[PDB]
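K.L.:
Give me the fold of what follows.
(one chain, ligands or ions: 1)
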Amino acid sequence: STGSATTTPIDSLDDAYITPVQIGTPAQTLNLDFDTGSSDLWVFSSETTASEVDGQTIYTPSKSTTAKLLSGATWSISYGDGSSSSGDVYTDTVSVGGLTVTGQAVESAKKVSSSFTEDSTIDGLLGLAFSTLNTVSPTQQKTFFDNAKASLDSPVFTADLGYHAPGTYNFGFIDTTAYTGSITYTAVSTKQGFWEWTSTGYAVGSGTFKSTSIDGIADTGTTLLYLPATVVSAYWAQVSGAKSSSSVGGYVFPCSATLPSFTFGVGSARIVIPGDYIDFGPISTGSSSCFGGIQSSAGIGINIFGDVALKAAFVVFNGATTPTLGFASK
Ligand SMILES: O=C(CNCCc1c[nH]c2ccccc12)Nc1sc2c(c1C(=O)NCc1ccccc1)CCCC2
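P.N.:
Numbering: from 1, shown residues only. And now the structure:
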């Protein structure tokens, strides 16, 4: 089997991407944030505190003839940004672009934090990291991709995120028309449950490539690119007026700037992030100071190749016996 769905930025800045998912019988289509940085499939529901729901489409399990309460299961998750959600669990039928899983754990939210209530475009998350991270207790549940793996023509999914434009998630196959040149595959560690890999280095603009190991995670569920303080200082040094703001909590720069590109290494290969992709608009409406799309991973504990980096690449998440990650220019 295979599946193919379009993913769309939620706003003019690509702060996140949503992909339509069909849940239950008959189908309830909810728009989910496909997230390679977590492992819970959780949704706004008819069980969510009415004051924490504001425009999101809700999953109503009582209306699904295939939904079944998972007796005694609860879930509770907190991402390292403040946001969090929790609730109970159902198993139901879940389809993405023609690809169908029966008995997928669908984690119904009873409480969500502010960050999610505020984003009316996002009806939940579909986690695509490793099932070891799944928070359902007392019995861990499997991610959509894991449940689907055995059925796929190939145990893979690809992420093709667009810059200020629609993109594609495919399951089961690799679209050879979607990228230029060849796909460079690099090793993955699952020890922390992420698509964790090691970049061979970086360049700032047309500056000389620096070879250095940058261990980090391929994470579609994270907006920006978080890299070490040294690397990130080397980048913003090339932008006149750029500085790190405590009041803001990261590097900001003059909106009038023309940003240089950033290159990261995948083995001998190089992915080039156009300077464009690193601009995230005024820090507040009307301001001439703009938030940068590349930030320090200093108070995080791991580097994060978020959307800013992944959207410059065609990315293969290879769930074969030894998982690997693949990157191609596009
Ligand atoms: O958890 C994820 C991916 N999933 C994020 C889900 C999410 C949180 N808030 C949201 C708001 C809208 C849509 C989705 C989300 N990645 C991962 S993995 C990981 C972290 C994070 C993370 O929180 N990233 C986003 C972020 C990092 C730093 C500062 C601010 C934000 C930090 C500890 C090490 C391992």
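
K.L.:
Grab the nearest non-local neighbour of residue 84.
P.N.:
Leaving out its chain neighbours, the residue that sits closest to residue 84 by CB to CB, 6 or more residues apart in numbering is residue 78, at 4.0 Å. Bear in mind the C-beta positions are built from the backbone N, C-alpha and C, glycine included.

K.L.:
Enumerate the residues of this protein near the ligand.
P.N.:
For the chain, the residues in contact with the ligand under the definition CB under 6 Å from any ligand atom are 16, 33, 35, 37-38, 79-81, 83, 115, 119, 122, 219, 221-222, 300-302, 304.

K.L.:
wait, is residue 116 part of a helix?
P.N.:
Yes: the secondary structure assignment for residue 116 places it in a helix, going by DSSP: H, G, I helix; E, B strand; the rest coil.

K.L.:
dump the residue contacts of it.
P.N.:
Taking CB atoms under 8 Å, 6 or more residues apart in numbering as the criterion, residue 116 is in contact with 44, 52, 83, 85, 122.

K.L.:
repeat that with 6 Å
P.N.:
In this structure, residue 116 makes contact with no residue, judged by CB atoms under 6 Å, 6 or more residues apart in numbering.

K.L.:
again with residue 259
P.N.:
The contact partners of residue 259, taken as CB under 6 Å, 6+ apart, are 275, 278-279.

K.L.:
among those, which are in strands?
P.N.:
With DSSP state E as the criterion, strands contain residue 279 from among the contacts of residue 259.

K.L.:
ok, the contacts of residue 259 vs the ligand, which is closest?
P.N.:
Minimum distance to the ligand across those is 16.1 Å, recorded for residue 278 (CB to the nearest ligand atom).

K.L.:
wait, what's in contact with that closest one?
P.N.:
If a contact means CB under 6 Å, 6+ apart, then residue 278 has 259, 293-294 as its contacts.

K.L.:
ok, now with 8 Å
P.N.:
Under the criterion of CB under 8 Å, 6+ apart, the contact partners of residue 278 comprise 225, 259, 262, 292-294, 308.

K.L.:
Just the buried subset of the residues of the chain next to the ligand, written out for ChimeraX, thanks.
P.N.:
Selecting in ChimeraX just the buried members of the residues of the chain next to the ligand, where the criterion is 16 or more other CB atoms under 10 Å, is done with this command:
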select :16,33,35,37,38,79,83,119,122,219,221,222,304
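
K.L.:
Just the ones of the residues of the chain next to the ligand in strands?
P.N.:
In strands, judged by DSSP E, the following of these are found: 33, 35, 304.

K.L.:
Show me what the second one bridges to in the sheet.
P.N.:
Just to be clear, that refers to residue 35. With DSSP bridges as the criterion, residue 35 is bridged to residue 127.

K.L.:
Verify the contact between it and residue 218 for me.
P.N.:
No: judged on CB atoms under 8 Å, residue 35 makes no contact with residue 218 at a distance of 11.3 Å.

K.L.:
residue ranges for the helices of this protein, please.
P.N.:
Assigned helices in the chain, in chain order: 114-118, 144-148, 229-236, 307-310 (criterion: DSSP state H).

K.L.:
count of residues packed around the residue lying closest to residue 294 once chain neighbours are set aside?
P.N.:
Here the nearest residue to residue 294 in space, its sequence neighbours aside, is residue 225; by CB to CB, 6+ apart that works out to 4.8 Å. The number of residues packed around residue 225, counting by other CB atoms under 10 Å, is 29.
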